[PDB]
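Shown below, as structure tokens, is a lone chain in the form deposited in one PDB entry; questions about how it binds or moves come after it.
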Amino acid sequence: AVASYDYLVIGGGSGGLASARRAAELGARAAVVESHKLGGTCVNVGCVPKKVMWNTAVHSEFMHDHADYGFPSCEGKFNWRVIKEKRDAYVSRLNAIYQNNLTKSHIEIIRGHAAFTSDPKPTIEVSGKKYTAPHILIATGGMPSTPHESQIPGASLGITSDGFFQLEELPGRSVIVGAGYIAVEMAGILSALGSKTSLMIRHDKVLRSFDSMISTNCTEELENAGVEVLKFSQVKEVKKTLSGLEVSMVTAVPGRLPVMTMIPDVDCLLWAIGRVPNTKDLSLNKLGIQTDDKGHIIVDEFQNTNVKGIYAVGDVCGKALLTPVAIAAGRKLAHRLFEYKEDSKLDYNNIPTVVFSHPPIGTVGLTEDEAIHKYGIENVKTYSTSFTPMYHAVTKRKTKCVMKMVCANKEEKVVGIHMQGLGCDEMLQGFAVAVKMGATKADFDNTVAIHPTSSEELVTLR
């Protein structure tokens, strides 16, 4: 037998939950399939527990300042287990909330692993039972990438961000491999909490896809905080030693000769080199659903797959791997399908990003280089500043704030904002609304400053 629904959602993570909830508001008869824990990567091994750990790291960094601010010196060893237990409890509270959200919406929860069948009419099977709908959303997310043994023997001795959230103790010595935001965030947390930490990157700077100013500044701030940034460096092999691991590294700096270095006594080797979509076991071939060579589901601007009645959103499609993106694309899809809003879709331009470095980074819109390519060098003007936030007026430890505004054409439309500094995590959202509305430099000029803040600097550039 086959049970029929209006909407079947494969994956109860960010995008799948949001899409199902909105569809149900519109009257859809919906079900969500989930093999593991509701909330997906973000709630269980992603955004949420990362932010708890970031808050813990931030707290610790600020307490280096406690004597400078007039208090007796707060000399203590962090106890990883204290926070791990509390973090885990918060994730459990959230799992229970998301289950209840589906129940309140009368969305059926199908527990298990879905795969498509060969029925010409798109149908899935879960635990030997079949389900069909005229609309099936694939929202299965991804997973961390790990090197192949054939390429890096011993790579399996490292962990990923998934394993980071299983750690029960602070590693004494950590080596994080990668240069993107996950690598940066993990390295910064581990180092702030007291691990002797290295960050191994293929080139000279982290975050090379971000604006050059952010890439530069973030690299400098990492080093100033005590993270050893191992530049032009790659892992060749990993071996188990009596103490932890030995990492064999090759370093090849331009203008120098290549050199092999052993890194001994590593407790935590964390691969943060990419994400792979969760599609291998879906039986996509049974319906001819199109993927790229990496396994991402191919979609159009409306989240359609190449197969009528089948859609995909979120990390499984490989574009803008963020929770709010999955959510927004999933909601827009629900209005298209169940409110018949044929133009309902997510605009993937001007999505804002925060990176929870120390201090945090915020960005929205085009890098200076992207703007130059799009508009022409003669038609781009940038404004920027660098300062030490007044928080540090009384401290011996310092962090900087850098800000860049990228403007296009005669009217100086603000096409990008890029910053790193205290408060930038909470500062960005409102500026992203302005950018999405097409604000010009004059619109920023026209807004009275709030003093004393860091944020006022973005409305007083000249």
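The first residue of the sequence shown is number 1, and the count goes up from there. Whichever C-alpha set is largest while still superposing within 1.5 Å between the two forms counts as the rigid core.
Relative to the displayed structure, the C-alphas of 70-78 lie farther away on average in 9 other deposited structures of this protein than those of the other candidate, with 70-78 and 320-328 compared after rigid core superposition. Of the two segments, 282-290 and 136-144, the one listed with the higher mean B-factor is 282-290 (C-alpha atoms only). The stretch 237-245 shows the higher mean C-alpha B-factor when 237-245 is compared against 97-105 in the entry. Ranking 185, 315, 125, 300 by the C-alpha B-factor listed in the PDB entry places 125 at the top. Highest CA B-factor among 129, 86, 332, 231, as stated in the entry: 129. For residue 69, the recorded CA temperature factor ranks within the highest third of the chain's modelled residues. When the modelled residues of the chain are ordered by their C-alpha B factor, residue 409 lands in the highest third. Sort the modelled residues of the chain by CA B factor and residue 440 lands in the highest third.
Sort the modelled residues of the chain by CA B factor and residue 323 lands in the lowest third. Ranked by Cα temperature factor within the chain, residue 175 sits in the lowest third according to the deposited record.
Absent from the display: the form solved in complex with a small molecule. The rest refers to it.
When the small molecule is considered in the entry with it bound, only one residue from 218, 268, 227, 337 comes within 4.5 Å through any heavy atom, namely 268. A heavy atom within 4.5 Å of the small molecule in the entry with it bound is found for one listed residue only; from 167, 83, 289, 263, this is 167. With the partner omitted here, the stretch from 159-167, 373-381, 294-302, 250-258 that lies within 4.5 Å of the small molecule by heavy atoms in the entry with it bound is 159-167. Mapping the unseen interface onto this chain, residue 346 falls outside it, with no heavy atom inside 4.5 Å of the small molecule in the entry with it bound.
Remark: residue 284 does not count among the residues lining the small molecule in the entry with it bound, judged by a heavy atom distance of 4.5 Å or less. Though the partner is left out of this view, residue 244 does reach within 4.5 Å of the small molecule in the entry with it bound, counting heavy atoms only.
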